[PDB]
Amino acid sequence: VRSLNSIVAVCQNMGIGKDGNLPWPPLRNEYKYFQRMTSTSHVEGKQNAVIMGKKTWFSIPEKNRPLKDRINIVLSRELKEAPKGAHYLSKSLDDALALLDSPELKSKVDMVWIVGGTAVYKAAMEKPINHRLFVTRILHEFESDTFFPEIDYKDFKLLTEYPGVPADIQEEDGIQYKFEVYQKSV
């Protein structure tokens, strides 16, 4: 594919999950940002694709699956068929990537977003392809059991601004966070 996008929200310890869910209670505005970013295509007639791991898939309440308006791909080495509601099952990112470029999809897909978890982010970060990482930094610590992998600051440069991403510190429910965009160029 031409370029990847990854989106994640992380707390001060780099935690992204806890017991199958997020480490913090619901943040409405942060979640709508994720929805807007992943859902918005810049081409009429195309939709974005979201790739995620098996635990992330199952972390979404059943009635809310598949994430509306996007093509859902789940990654799994153990499953045989796409879980009920997902559009495609792939055995590795490479395969999800090759699927995307296939004839039937290529013409249907605008952006590719990586939505986690850990091993998915890591794999995508390592591909020698152009990539933008949209990070929400939550300026607090929450107990976590799942963490975001280390980003190579020599490769991923923090942008000082980017179209449609607020620059100031945000606050909601007594919590502060900031949006950051890192860009890797090959």
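Numbers follow the displayed sequence, beginning with 1.
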Residue stretch of maximal mean CA temperature factor, 135-143 vs 50-58: 135-143
Using only the Cα atoms and their B-factors as the entry lists them, report which of 39-47 and 62-70 averages higher. 39-47
In the PDB entry, which of 112, 115, 86, 98 has its C-alpha at the highest B-factor? 98
Max C-alpha B-factor within the set 181, 4, 7, 186 falls on 186
Ordered by C-alpha B-factor within the chain, which third holds residue 169? Give me lowest, middle or highest, please. highest
CA B-factor ranking of residue 129, expressed as a third of its chain: highest
Of the three thirds of the chain ranked by Cα temperature factor, residue 155 occupies the highest
